[PDB]
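Student: Contents of entry_10.cif (mmCIF, N, CA, C and O atoms and all ligand atoms) are below:
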```cif
data_run
#
loop_
_atom_site.group_PDB
_atom_site.id
_atom_site.type_symbol
_atom_site.label_atom_id
_atom_site.label_comp_id
_atom_site.auth_asym_id
_atom_site.auth_seq_id
_atom_site.Cartn_x
_atom_site.Cartn_y
_atom_site.Cartn_z
ATOM 1 N N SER F 1 -217.116 -91.583 51.179
ATOM 2 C CA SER F 1 -216.721 -92.279 49.922
ATOM 3 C C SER F 1 -217.925 -92.972 49.297
ATOM 4 O O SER F 1 -218.967 -93.131 49.933
ATOM 5 N N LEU F 2 -217.772 -93.383 48.045
ATOM 6 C CA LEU F 2 -218.843 -94.070 47.339
ATOM 7 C C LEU F 2 -219.253 -95.319 48.124
ATOM 8 O O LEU F 2 -220.439 -95.577 48.332
ATOM 9 N N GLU F 3 -218.261 -96.082 48.571
ATOM 10 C CA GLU F 3 -218.512 -97.305 49.328
ATOM 11 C C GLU F 3 -219.268 -97.035 50.629
ATOM 12 O O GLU F 3 -220.187 -97.772 50.984
ATOM 13 N N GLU F 4 -218.880 -95.984 51.345
ATOM 14 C CA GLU F 4 -219.551 -95.645 52.598
ATOM 15 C C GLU F 4 -221.009 -95.271 52.356
ATOM 16 O O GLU F 4 -221.892 -95.656 53.120
ATOM 17 N N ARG F 5 -221.260 -94.519 51.288
ATOM 18 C CA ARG F 5 -222.620 -94.102 50.964
ATOM 19 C C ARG F 5 -223.478 -95.304 50.577
ATOM 20 O O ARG F 5 -224.650 -95.382 50.947
ATOM 21 N N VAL F 6 -222.888 -96.240 49.843
ATOM 22 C CA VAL F 6 -223.601 -97.447 49.438
ATOM 23 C C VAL F 6 -223.969 -98.262 50.679
ATOM 24 O O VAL F 6 -225.088 -98.756 50.797
ATOM 25 N N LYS F 7 -223.026 -98.390 51.609
ATOM 26 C CA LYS F 7 -223.279 -99.110 52.882
ATOM 27 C C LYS F 7 -224.420 -98.492 53.707
ATOM 28 O O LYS F 7 -225.248 -99.180 54.283
ATOM 29 N N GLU F 8 -224.430 -97.144 53.799
ATOM 30 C CA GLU F 8 -225.498 -96.514 54.577
ATOM 31 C C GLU F 8 -226.871 -96.762 53.951
ATOM 32 O O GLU F 8 -227.861 -97.000 54.629
ATOM 33 N N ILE F 9 -226.919 -96.668 52.609
ATOM 34 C CA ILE F 9 -228.176 -96.937 51.918
ATOM 35 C C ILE F 9 -228.699 -98.340 52.238
ATOM 36 O O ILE F 9 -229.852 -98.534 52.599
ATOM 37 N N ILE F 10 -227.814 -99.323 52.121
ATOM 38 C CA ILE F 10 -228.168 -100.709 52.386
ATOM 39 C C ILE F 10 -228.514 -100.955 53.857
ATOM 40 O O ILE F 10 -229.498 -101.629 54.165
ATOM 41 N N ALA F 11 -227.713 -100.402 54.762
ATOM 42 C CA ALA F 11 -227.957 -100.574 56.192
ATOM 43 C C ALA F 11 -229.290 -99.953 56.602
ATOM 44 O O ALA F 11 -230.027 -100.516 57.409
ATOM 45 N N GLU F 12 -229.598 -98.790 56.039
ATOM 46 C CA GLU F 12 -230.841 -98.101 56.361
ATOM 47 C C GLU F 12 -232.063 -98.898 55.907
ATOM 48 O O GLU F 12 -233.069 -98.960 56.611
ATOM 49 N N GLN F 13 -231.965 -99.518 54.735
ATOM 50 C CA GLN F 13 -233.068 -100.292 54.176
ATOM 51 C C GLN F 13 -233.261 -101.679 54.778
ATOM 52 O O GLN F 13 -234.384 -102.067 55.103
ATOM 53 N N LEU F 14 -232.166 -102.419 54.926
ATOM 54 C CA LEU F 14 -232.222 -103.788 55.434
ATOM 55 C C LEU F 14 -231.994 -103.982 56.928
ATOM 56 O O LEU F 14 -232.292 -105.049 57.464
ATOM 57 N N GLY F 15 -231.463 -102.967 57.599
ATOM 58 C CA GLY F 15 -231.220 -103.093 59.024
ATOM 59 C C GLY F 15 -230.147 -104.120 59.335
ATOM 60 O O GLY F 15 -230.266 -104.890 60.290
ATOM 61 N N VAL F 16 -229.100 -104.141 58.516
ATOM 62 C CA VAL F 16 -227.990 -105.061 58.714
ATOM 63 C C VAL F 16 -226.767 -104.247 59.115
ATOM 64 O O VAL F 16 -226.633 -103.089 58.721
ATOM 65 N N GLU F 17 -225.888 -104.848 59.910
ATOM 66 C CA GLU F 17 -224.700 -104.158 60.326
ATOM 67 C C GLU F 17 -223.789 -103.931 59.141
ATOM 68 O O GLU F 17 -223.662 -104.764 58.253
ATOM 69 N N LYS F 18 -223.154 -102.766 59.078
ATOM 70 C CA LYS F 18 -222.298 -102.451 57.940
ATOM 71 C C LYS F 18 -221.133 -103.425 57.795
ATOM 72 O O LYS F 18 -220.633 -103.641 56.691
ATOM 73 N N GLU F 19 -220.712 -104.020 58.908
ATOM 74 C CA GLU F 19 -219.613 -104.974 58.881
ATOM 75 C C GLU F 19 -219.954 -106.211 58.048
ATOM 76 O O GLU F 19 -219.063 -106.945 57.628
ATOM 77 N N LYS F 20 -221.243 -106.432 57.804
ATOM 78 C CA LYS F 20 -221.688 -107.580 57.015
ATOM 79 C C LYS F 20 -221.981 -107.204 55.561
ATOM 80 O O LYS F 20 -222.300 -108.068 54.741
ATOM 81 N N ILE F 21 -221.883 -105.917 55.248
ATOM 82 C CA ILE F 21 -222.140 -105.441 53.894
ATOM 83 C C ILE F 21 -220.841 -105.477 53.096
ATOM 84 O O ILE F 21 -220.210 -104.446 52.857
ATOM 85 N N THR F 22 -220.452 -106.684 52.692
ATOM 86 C CA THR F 22 -219.230 -106.909 51.931
ATOM 87 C C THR F 22 -219.537 -107.089 50.444
ATOM 88 O O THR F 22 -220.660 -107.415 50.068
ATOM 89 N N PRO F 23 -218.534 -106.885 49.576
ATOM 90 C CA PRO F 23 -218.712 -107.021 48.127
ATOM 91 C C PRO F 23 -219.390 -108.295 47.622
ATOM 92 O O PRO F 23 -220.184 -108.241 46.688
ATOM 93 N N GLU F 24 -219.086 -109.436 48.232
ATOM 94 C CA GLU F 24 -219.673 -110.695 47.786
ATOM 95 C C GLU F 24 -221.038 -111.015 48.379
ATOM 96 O O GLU F 24 -221.662 -112.005 48.004
ATOM 97 N N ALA F 25 -221.507 -110.172 49.291
ATOM 98 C CA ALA F 25 -222.797 -110.395 49.923
ATOM 99 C C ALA F 25 -223.967 -110.185 48.969
ATOM 100 O O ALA F 25 -224.091 -109.136 48.338
ATOM 101 N N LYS F 26 -224.812 -111.204 48.861
ATOM 102 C CA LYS F 26 -226.005 -111.145 48.024
ATOM 103 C C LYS F 26 -227.098 -110.454 48.830
ATOM 104 O O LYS F 26 -227.327 -110.798 49.988
ATOM 105 N N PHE F 27 -227.774 -109.483 48.230
ATOM 106 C CA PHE F 27 -228.826 -108.769 48.942
ATOM 107 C C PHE F 27 -229.876 -109.702 49.523
ATOM 108 O O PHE F 27 -230.259 -109.574 50.687
ATOM 109 N N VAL F 28 -230.334 -110.646 48.710
ATOM 110 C CA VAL F 28 -231.358 -111.581 49.146
ATOM 111 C C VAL F 28 -230.841 -112.697 50.051
ATOM 112 O O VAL F 28 -231.241 -112.797 51.209
ATOM 113 N N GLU F 29 -229.941 -113.523 49.531
ATOM 114 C CA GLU F 29 -229.418 -114.651 50.291
ATOM 115 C C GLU F 29 -228.597 -114.329 51.531
ATOM 116 O O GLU F 29 -228.666 -115.057 52.524
ATOM 117 N N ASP F 30 -227.821 -113.253 51.487
ATOM 118 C CA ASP F 30 -226.977 -112.913 52.625
ATOM 119 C C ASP F 30 -227.449 -111.770 53.505
ATOM 120 O O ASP F 30 -227.200 -111.780 54.711
ATOM 121 N N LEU F 31 -228.132 -110.791 52.920
ATOM 122 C CA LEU F 31 -228.590 -109.648 53.697
ATOM 123 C C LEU F 31 -230.090 -109.633 53.989
ATOM 124 O O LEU F 31 -230.608 -108.667 54.549
ATOM 125 N N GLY F 32 -230.776 -110.708 53.609
ATOM 126 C CA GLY F 32 -232.200 -110.839 53.875
ATOM 127 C C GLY F 32 -233.169 -109.890 53.199
ATOM 128 O O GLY F 32 -234.256 -109.641 53.719
ATOM 129 N N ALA F 33 -232.802 -109.367 52.037
ATOM 130 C CA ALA F 33 -233.683 -108.451 51.328
ATOM 131 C C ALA F 33 -234.856 -109.188 50.695
ATOM 132 O O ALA F 33 -234.677 -110.258 50.111
ATOM 133 N N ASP F 34 -236.059 -108.634 50.831
ATOM 134 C CA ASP F 34 -237.220 -109.236 50.186
ATOM 135 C C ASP F 34 -237.444 -108.465 48.883
ATOM 136 O O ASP F 34 -236.675 -107.554 48.560
ATOM 137 N N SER F 35 -238.475 -108.824 48.127
ATOM 138 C CA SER F 35 -238.733 -108.166 46.849
ATOM 139 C C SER F 35 -238.914 -106.655 46.940
ATOM 140 O O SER F 35 -238.429 -105.915 46.083
ATOM 141 N N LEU F 36 -239.613 -106.190 47.969
ATOM 142 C CA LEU F 36 -239.816 -104.757 48.123
ATOM 143 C C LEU F 36 -238.487 -104.081 48.440
ATOM 144 O O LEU F 36 -238.190 -103.014 47.905
ATOM 145 N N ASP F 37 -237.685 -104.706 49.299
ATOM 146 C CA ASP F 37 -236.385 -104.149 49.664
ATOM 147 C C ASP F 37 -235.522 -103.918 48.435
ATOM 148 O O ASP F 37 -234.893 -102.873 48.300
ATOM 149 N N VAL F 38 -235.473 -104.905 47.548
ATOM 150 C CA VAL F 38 -234.658 -104.781 46.348
ATOM 151 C C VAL F 38 -235.104 -103.590 45.505
ATOM 152 O O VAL F 38 -234.276 -102.810 45.036
ATOM 153 N N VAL F 39 -236.412 -103.444 45.320
ATOM 154 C CA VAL F 39 -236.945 -102.326 44.551
ATOM 155 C C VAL F 39 -236.564 -101.004 45.216
ATOM 156 O O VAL F 39 -236.146 -100.061 44.545
ATOM 157 N N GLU F 40 -236.697 -100.938 46.537
ATOM 158 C CA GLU F 40 -236.358 -99.719 47.255
ATOM 159 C C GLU F 40 -234.865 -99.412 47.243
ATOM 160 O O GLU F 40 -234.471 -98.245 47.232
ATOM 161 N N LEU F 41 -234.032 -100.450 47.236
ATOM 162 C CA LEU F 41 -232.586 -100.248 47.185
ATOM 163 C C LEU F 41 -232.226 -99.590 45.856
ATOM 164 O O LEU F 41 -231.477 -98.615 45.813
ATOM 165 N N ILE F 42 -232.771 -100.126 44.768
ATOM 166 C CA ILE F 42 -232.506 -99.580 43.444
ATOM 167 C C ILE F 42 -232.945 -98.119 43.392
ATOM 168 O O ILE F 42 -232.206 -97.257 42.914
ATOM 169 N N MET F 43 -234.145 -97.842 43.894
ATOM 170 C CA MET F 43 -234.673 -96.481 43.910
ATOM 171 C C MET F 43 -233.734 -95.542 44.664
ATOM 172 O O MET F 43 -233.503 -94.408 44.241
ATOM 173 N N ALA F 44 -233.198 -96.019 45.785
ATOM 174 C CA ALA F 44 -232.293 -95.217 46.601
ATOM 175 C C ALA F 44 -230.941 -94.989 45.932
ATOM 176 O O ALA F 44 -230.404 -93.884 45.991
ATOM 177 N N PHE F 45 -230.380 -96.021 45.305
ATOM 178 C CA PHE F 45 -229.099 -95.856 44.632
ATOM 179 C C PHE F 45 -229.243 -94.793 43.549
ATOM 180 O O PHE F 45 -228.360 -93.956 43.370
ATOM 181 N N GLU F 46 -230.361 -94.823 42.828
ATOM 182 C CA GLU F 46 -230.603 -93.849 41.770
ATOM 183 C C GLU F 46 -230.690 -92.437 42.335
ATOM 184 O O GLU F 46 -230.034 -91.519 41.846
ATOM 185 N N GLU F 47 -231.506 -92.270 43.367
ATOM 186 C CA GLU F 47 -231.712 -90.958 43.986
ATOM 187 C C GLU F 47 -230.422 -90.390 44.595
ATOM 188 O O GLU F 47 -230.043 -89.250 44.360
ATOM 189 N N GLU F 48 -229.721 -91.189 45.388
ATOM 190 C CA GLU F 48 -228.503 -90.722 46.032
ATOM 191 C C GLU F 48 -227.333 -90.457 45.092
ATOM 192 O O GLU F 48 -226.527 -89.567 45.349
ATOM 193 N N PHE F 49 -227.233 -91.210 44.003
ATOM 194 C CA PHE F 49 -226.126 -91.017 43.071
ATOM 195 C C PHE F 49 -226.502 -90.274 41.794
ATOM 196 O O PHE F 49 -225.680 -90.118 40.887
ATOM 197 N N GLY F 50 -227.746 -89.808 41.741
ATOM 198 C CA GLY F 50 -228.224 -89.055 40.594
ATOM 199 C C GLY F 50 -228.121 -89.749 39.253
ATOM 200 O O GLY F 50 -227.801 -89.120 38.244
ATOM 201 N N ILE F 51 -228.395 -91.046 39.233
ATOM 202 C CA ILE F 51 -228.332 -91.801 37.992
ATOM 203 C C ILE F 51 -229.575 -92.654 37.829
ATOM 204 O O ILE F 51 -230.406 -92.749 38.731
ATOM 205 N N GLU F 52 -229.691 -93.274 36.663
ATOM 206 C CA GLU F 52 -230.811 -94.146 36.374
ATOM 207 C C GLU F 52 -230.300 -95.559 36.184
ATOM 208 O O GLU F 52 -229.280 -95.778 35.533
ATOM 209 N N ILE F 53 -230.998 -96.512 36.784
ATOM 210 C CA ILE F 53 -230.641 -97.911 36.655
ATOM 211 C C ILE F 53 -231.806 -98.548 35.915
ATOM 212 O O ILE F 53 -232.824 -98.889 36.518
ATOM 213 N N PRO F 54 -231.685 -98.684 34.586
ATOM 214 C CA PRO F 54 -232.762 -99.287 33.795
ATOM 215 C C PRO F 54 -233.090 -100.698 34.269
ATOM 216 O O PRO F 54 -232.227 -101.402 34.790
ATOM 217 N N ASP F 55 -234.346 -101.096 34.088
ATOM 218 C CA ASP F 55 -234.815 -102.413 34.505
ATOM 219 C C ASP F 55 -233.810 -103.516 34.192
ATOM 220 O O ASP F 55 -233.511 -104.356 35.042
ATOM 221 N N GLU F 56 -233.298 -103.504 32.968
ATOM 222 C CA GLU F 56 -232.326 -104.492 32.520
ATOM 223 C C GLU F 56 -231.126 -104.568 33.459
ATOM 224 O O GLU F 56 -230.745 -105.647 33.913
ATOM 225 N N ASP F 57 -230.530 -103.416 33.750
ATOM 226 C CA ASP F 57 -229.376 -103.366 34.635
ATOM 227 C C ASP F 57 -229.751 -103.756 36.061
ATOM 228 O O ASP F 57 -228.989 -104.434 36.744
ATOM 229 N N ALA F 58 -230.927 -103.325 36.507
ATOM 230 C CA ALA F 58 -231.392 -103.625 37.859
ATOM 231 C C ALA F 58 -231.393 -105.125 38.146
ATOM 232 O O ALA F 58 -231.035 -105.555 39.241
ATOM 233 N N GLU F 59 -231.792 -105.914 37.156
ATOM 234 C CA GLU F 59 -231.839 -107.365 37.297
ATOM 235 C C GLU F 59 -230.457 -107.953 37.574
ATOM 236 O O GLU F 59 -230.339 -109.014 38.189
ATOM 237 N N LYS F 60 -229.417 -107.258 37.120
ATOM 238 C CA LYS F 60 -228.045 -107.715 37.317
ATOM 239 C C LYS F 60 -227.435 -107.269 38.640
ATOM 240 O O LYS F 60 -226.298 -107.623 38.949
ATOM 241 N N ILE F 61 -228.173 -106.480 39.411
ATOM 242 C CA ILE F 61 -227.677 -106.020 40.704
ATOM 243 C C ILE F 61 -228.077 -107.049 41.755
ATOM 244 O O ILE F 61 -229.165 -106.986 42.327
ATOM 245 N N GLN F 62 -227.180 -107.999 42.002
ATOM 246 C CA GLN F 62 -227.442 -109.071 42.952
ATOM 247 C C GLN F 62 -226.610 -108.993 44.229
ATOM 248 O O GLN F 62 -227.054 -109.436 45.291
ATOM 249 N N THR F 63 -225.408 -108.433 44.126
ATOM 250 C CA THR F 63 -224.520 -108.307 45.278
ATOM 251 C C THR F 63 -224.119 -106.864 45.525
ATOM 252 O O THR F 63 -224.297 -105.992 44.672
ATOM 253 N N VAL F 64 -223.554 -106.629 46.702
ATOM 254 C CA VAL F 64 -223.077 -105.310 47.077
ATOM 255 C C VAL F 64 -222.000 -104.928 46.061
ATOM 256 O O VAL F 64 -221.920 -103.783 45.619
ATOM 257 N N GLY F 65 -221.180 -105.908 45.689
ATOM 258 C CA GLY F 65 -220.126 -105.671 44.719
ATOM 259 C C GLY F 65 -220.658 -105.179 43.384
ATOM 260 O O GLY F 65 -220.044 -104.316 42.751
ATOM 261 N N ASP F 66 -221.788 -105.727 42.939
ATOM 262 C CA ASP F 66 -222.370 -105.264 41.664
ATOM 263 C C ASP F 66 -222.677 -103.806 41.709
ATOM 264 O O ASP F 66 -222.358 -103.050 40.801
ATOM 265 N N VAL F 67 -223.305 -103.343 42.787
ATOM 266 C CA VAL F 67 -223.644 -101.930 42.884
ATOM 267 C C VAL F 67 -222.399 -101.056 42.956
ATOM 268 O O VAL F 67 -222.325 -100.023 42.295
ATOM 269 N N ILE F 68 -221.414 -101.469 43.746
ATOM 270 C CA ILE F 68 -220.192 -100.687 43.868
ATOM 271 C C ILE F 68 -219.451 -100.601 42.534
ATOM 272 O O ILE F 68 -219.061 -99.516 42.110
ATOM 273 N N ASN F 69 -219.270 -101.740 41.871
ATOM 274 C CA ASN F 69 -218.570 -101.762 40.587
ATOM 275 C C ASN F 69 -219.311 -100.945 39.534
ATOM 276 O O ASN F 69 -218.701 -100.215 38.751
ATOM 277 N N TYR F 70 -220.631 -101.086 39.515
ATOM 278 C CA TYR F 70 -221.486 -100.379 38.570
ATOM 279 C C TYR F 70 -221.370 -98.868 38.773
ATOM 280 O O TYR F 70 -221.105 -98.119 37.833
ATOM 281 N N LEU F 71 -221.566 -98.426 40.010
ATOM 282 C CA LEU F 71 -221.491 -97.007 40.330
ATOM 283 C C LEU F 71 -220.108 -96.406 40.102
ATOM 284 O O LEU F 71 -219.991 -95.303 39.572
ATOM 285 N N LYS F 72 -219.065 -97.125 40.499
ATOM 286 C CA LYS F 72 -217.702 -96.623 40.335
ATOM 287 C C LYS F 72 -217.375 -96.295 38.885
ATOM 288 O O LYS F 72 -216.676 -95.321 38.603
ATOM 289 N N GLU F 73 -217.886 -97.104 37.964
ATOM 290 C CA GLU F 73 -217.631 -96.884 36.547
ATOM 291 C C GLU F 73 -218.589 -95.871 35.935
ATOM 292 O O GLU F 73 -218.200 -95.082 35.076
ATOM 293 N N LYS F 74 -219.840 -95.888 36.382
ATOM 294 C CA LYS F 74 -220.842 -94.977 35.844
ATOM 295 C C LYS F 74 -220.732 -93.561 36.403
ATOM 296 O O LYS F 74 -220.921 -92.587 35.674
ATOM 297 N N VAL F 75 -220.420 -93.449 37.691
ATOM 298 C CA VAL F 75 -220.282 -92.148 38.342
ATOM 299 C C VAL F 75 -218.901 -91.982 38.971
ATOM 300 O O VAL F 75 -218.349 -90.866 38.891
HETATM 301 NA NA NA N 1 -229.229 -93.264 56.865
HETATM 302 ZN ZN ZN N 2 -232.783 -91.762 55.337
HETATM 303 ZN ZN ZN N 3 -221.082 -101.337 62.398
HETATM 304 ZN ZN ZN N 4 -230.242 -114.933 44.249
HETATM 305 ZN ZN ZN N 5 -224.505 -116.374 50.793
HETATM 306 ZN ZN ZN N 6 -235.181 -95.973 37.347
HETATM 307 ZN ZN ZN N 7 -226.271 -100.199 31.779
HETATM 308 ZN ZN ZN N 8 -223.089 -109.904 40.246
#
```
Rewrite the structure from the file as structure tokens, please.
Ligand code: NA
Ligand SMILES: [Zn+2]
Ligand SMILES: [Zn+2]
Ligand SMILES: [Zn+2]
Ligand SMILES: [Zn+2]
Ligand SMILES: [Zn+2]
Ligand SMILES: [Zn+2]
Ligand SMILES: [Zn+2]

Tutor:
Amino acid sequence: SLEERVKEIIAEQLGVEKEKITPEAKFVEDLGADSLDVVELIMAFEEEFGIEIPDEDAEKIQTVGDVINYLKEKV
């Protein structure tokens, strides 16, 4: 599912257990993502879902929920 794929992307990049990858979890504050991690997460979401996340939209991707909601509507 879309959610499962999003979890694997995040788990692979941040090394966090999927059980902690919840909708309200902030990549930085809750999942420990640093600046490079965030850039790589965006790059991965684009590659895996075949879409583009313009800089503007990328800035709004702060939680797991943002990515899921964004992708569900866009793809
Ligand atoms: Na993986
Ligand atoms: Zn891989
Ligand atoms: Zn697990
Ligand atoms: Zn923040
Ligand atoms: Zn928090
Ligand atoms: Zn891009
Ligand atoms: Zn947009
Ligand atoms: Zn948000």

Student: Expanded to explicit residues, what is the PyMOL selection byres (((chain F and resi 60-73) around 4.5) and not hetatm) for this file, as a count of residues only?

Tutor: 11

Student: Compile a residue-level contact table for chain F against ligand ZN 6 (chain N) at a cut-off of 10 Å, reporting for every qualifying residue the shortest atom pair and its distance in Å to one decimal, with only C-alpha atoms and all ligand atoms counted, rows ordered by chain and ascending number, as CSV.

Tutor:
```
residue,atom,partner,partner_atom,distance
F:39,CA,N:ZN6,ZN,9.8
F:42,CA,N:ZN6,ZN,7.6
F:43,CA,N:ZN6,ZN,6.6
F:44,CA,N:ZN6,ZN,9.7
F:45,CA,N:ZN6,ZN,9.5
F:46,CA,N:ZN6,ZN,6.7
F:47,CA,N:ZN6,ZN,9.0
F:51,CA,N:ZN6,ZN,8.0
F:52,CA,N:ZN6,ZN,4.8
F:53,CA,N:ZN6,ZN,5.0
F:54,CA,N:ZN6,ZN,5.4
F:55,CA,N:ZN6,ZN,7.0
F:57,CA,N:ZN6,ZN,9.8
F:58,CA,N:ZN6,ZN,8.6
```

Student: Taking the file as shown, find all residues satisfying the PyMOL selection byres (((chain F and resi 1-13 and name CA) around 7) and not hetatm and name CA) and write them as a list in words.

Tutor: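 For this structure, the PyMOL selection byres (((chain F and resi 1-13 and name CA) around 7) and not hetatm and name CA) resolves to residues 14, 15, 16, 17, 18, 21, 37, 41, 44 and 68 of chain F.
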
Student: I need the alpha helix (DSSP H) residues of chain F per DSSP on the backbone, written as a VMD selection string.

Tutor: chain F and resid 2 to 14 35 to 49 55 to 59 64 to 74

Student: Given the file shown, enumerate the residues that the PyMOL selection byres (((not hetatm)) within 8 of (chain N and resi 5)) captures and present them as an MDAnalysis selection string.

Tutor: chainID F and resid 24:26 28:31

Student: Please give the centre and size of the box around segment 18-27 of chain F (axis-aligned, containing every atom listed in the file, 6 Å added per side), with values in Å to one decimal and written as JSON.

Tutor:
```
{"center_x": -224.4, "center_y": -107.2, "center_z": 52.9, "size_x": 23.7, "size_y": 21.6, "size_z": 24.4}
```

Student: Find the distance between atom CA of residue 19 of chain F and atom N of residue 33 of chain F and write it in Å to one decimal.

Tutor: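 So the answer is 15.5 Å.
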